[PDB]
């Protein structure tokens with residue numbers, strides 16, 4: 001119940017991982033899609049979901 | 001004259017260019033139609049933009065235009081269509097017909113033709129030899145499926161003059177069938193005549209020597225096509 005709310009959790013290391021992951025995603029998101037378009041001609045299950 | 005026909009070779013001469021535009025003025029005054037048969041000479045294949053600027057005025061002064069597939073793709077974008085033809089799906093085809101690796105007969109959309117369209121243009125015909133006749137009108141567009149066989153006579157075949165025969169057949173049917181500009185079925189039925197005329201013209205050495213007659217062209221048209229397509 002209220003003793004299991006998110007604020008009471010001890011996940012500080014995971015929060016540091018989350019902030020670093022978000023920084024990396026925002027920095028590298030477009031380059032990955034460009035590389036996917038450059039290396040993979042067509043989309044197949046298992047490829048990077050790109051475009052619209 | 002009810003149809004005024006000229007080629008883009010006159011655009012390589014200034015005197016002939018001025019005379020051509022005066023003659024077009026006179027012809028449009030009396031009610032004639034202007035037929036632009038591009039037939040780009042060797043100089044006019046240097047670059048797309050230069051040729052577009054050179055031909056824009058005469059292009060806009062024409063009611064009927066005939067270009068080859070190569071001429072149209074050069075005037076719009078050569079590399080784009082070259083890449084489009086070379087494309088092959090990586091894993092599987094999008095339909096069964098794509099699996100056969102047949103020759104490409106891509107029909108250009110009127111949206112792609114839009115840069116080259118203008119208000120007085122009544123008919124645009126794109127010819128992939130005698131195999132395909134892509135036609136575009138302000139109301140509709142389509143393609144007439146044709147054929148060729150120069151291998152039937154390997155020692156007398158010569159393709160010189162085949163496009164002249166196609167254009168002559170187009171004009172022959174236009175002067176006697178005004179409904180071609182407004183009826184699509186009639187347009188295709190009359191364009192099959194020009195297809196047959198182009199087919200016969202490839203069977204003889206020499207352009208002038210091998211031009212077909214109306215009887216032979218109609219006979220070949222009725223032989224090649226099924227009676228419902230006549």
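Summary of values
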item	result
Single unsatisfied condition, residue B:115 versus (1) in contact with a helix residue (DSSP H, G or I) (Cβ under 9 Å, 6 or more places away or on another chain); (2) within 14 Å of another protein chain (Cβ to nearest Cβ)	(2)
Residue under evaluation residue A:42, criteria (1) in a helix (DSSP H, G or I); (2) more than 18 Å from the chain's Cα centre (by Cα); (3) within 14 Å of chain B (Cβ to nearest Cβ), criterion not met	(1)
Residues being closer than 15 Å to residue B:202 by Cβ and in a loop (DSSP other than H, G, I, E, B) - total across region B:124-177	19
Residue selected from region B:198-216 under the condition over 18 Å from the mean Cα position of the chain (by Cα) and not in a loop (DSSP other than H, G, I, E, B), by the criterion nearest to residue B:155 (Cα to Cα)	B:216
Residue A:26, sole failed condition from (1) assigned to a helix (DSSP H, G or I); (2) surrounded by 10 or more Cβ atoms within 10 Å (Cβ to Cβ); (3) within 17 Å of the chain's Cα centre (by Cα)	(2)
From the options B:82, B:94, residue that is more than 14 Å from chain A (Cβ to nearest Cβ) and either on the phi < 0 side of the Ramachandran plot or surrounded by 12 or more Cβ atoms within 10 Å (Cβ to Cβ) (or both)	B:82
Number of the exception - residue A:35 against (1) surrounded by 10 or more Cβ atoms within 10 Å (Cβ to Cβ); (2) touching a helix residue (DSSP H, G or I) at 6+ places or on another chain (Cβ under 9 Å)	(2)
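Cβ atoms come from the backbone with ideal geometry, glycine included; neighbour counts cover every protein chain shown. Quick note: the coordinates plus some simple rules give every number you see, no bench work behind them.
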